[PDB]
Protein chains: 2
Amino acid sequence: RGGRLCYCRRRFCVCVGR
Amino acid sequence: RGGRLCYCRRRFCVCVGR
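Residues numbered from 1 in each chain as written, not as in the entry; some residues may be left out. Chains lettered and ligands numbered in written order. Heavy atoms only, no water.

Looking at the entry header, you'll see solid-state NMR listed as the method.

Time to look at the environment of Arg18 of chain A. All names here are of chain A. Within the secondary structure layout, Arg18 lies in the segment after strand 2 (12-16). Judged by its relative accessible area of 86%, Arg18 falls in the exposed class. Taking the C-alpha atoms as reference points, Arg18 and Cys6, 12 residues apart in sequence, are found 10 Å from one another. The contacts of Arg18, once residues within four sequence positions are left out, are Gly2 and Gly3. (Helix = DSSP H or I, 4+ residues; strand = E, 2+ residues; numbered from the N terminus. Buried < 20%, exposed > 50% of the residue type's maximum accessible area, 1.4 Å probe, protein only. Contact = heavy atoms within 4.5 Å.)

Moving on, we get to the interface of chain A and chain B. In this complex, chain A contributes 7 residues to the contact, which on the side of chain B involves 5 residues. Buried surface at the junction of chain A and chain B, summed over both partners, amounts to about 400 Å²; 54% is from carbon and sulfur atoms. The largest per-residue losses of area from chain A upon contact with chain B belong to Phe12, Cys13 and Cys15 of chain A, which jointly make up 66% of the total buried on that side. Counting across the chain A and chain B interface gives 0 salt bridges. Counting across the chain A and chain B interface gives 3 residue pairs in polar contact. When grouped by side-chain class, the residues that make up the side of chain A that touches chain B number 5 nonpolar, 1 polar and 1 charged. (Buried area = accessible area lost by both parts, 1.4 Å probe. Salt bridge = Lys/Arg side-chain N within 4 Å of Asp/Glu carboxyl O. Polar contact = N/O pair within 3.5 Å; in protein donor to acceptor, adjacent residues only side chain to side chain. Nonpolar A, V, L, I, M, F, W, Y, C, P; charged D, E, K, R; others polar.)

Structure below.
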């Protein structure tokens, strides 16, 4: 959808539009 | 925009609507 942010779960970052 | 799919580049996954 609209928006963006990345989060790191241990040693892997993940980026989504939510 | 419309649609959704997620891809991984090494140990980092991204998700977008394009």
